[PDB]
């Protein structure tokens, strides 16, 4: 059965830093963008919406715009990686990564931000 996995299901980070939430999925030989879908959401806020290689700035929630990107370099090697930069205390919470690729699966990732000084 297709099982997405999370190396680290608990990221503690510092206010203002850079964070990279990883989700991994199985890839045999190369990666087929046809039949790959990657969706990242926090508390129902749309963070990453990647469908057969197309993405649209218009659908990103306003608190994640210009900070939250899906790294395409890791994707090619089975790693849906969310990278939030300039982290706010408001980014603390449970995130879900939902992948369709051979089959489907999702995983929760928890994040706390410790506060400045």
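C-alpha atoms forming the largest set that superposes within 1.5 Å between two forms make up the rigid core. Positions refer to the first chain, counted from 1.
When the core is superposed, where do the C-alphas shift more in 4 other deposited structures of this protein: in 55-63 or in 81-89?
This comes out as 55-63, the stretch further from the shown form in 4 other deposited structures of this protein.
Comparing average C-alpha B factors as deposited, tell me which of 12-20 and 95-103 sits higher.
Going by the record's values, the stretch with the higher mean is 12-20.
86-94 set against 38-46, stretch whose average Cα temperature factor tops the other in the entry:
Between 86-94 and 38-46, it is 86-94 that shows the higher mean C-alpha B-factor.
Sorting the chain's CA B-factors, does residue 28 end up in the lowest, middle or highest third?
For residue 28, whose C-alpha B-factor we compare with every modelled residue in the chain, the answer is the highest third.
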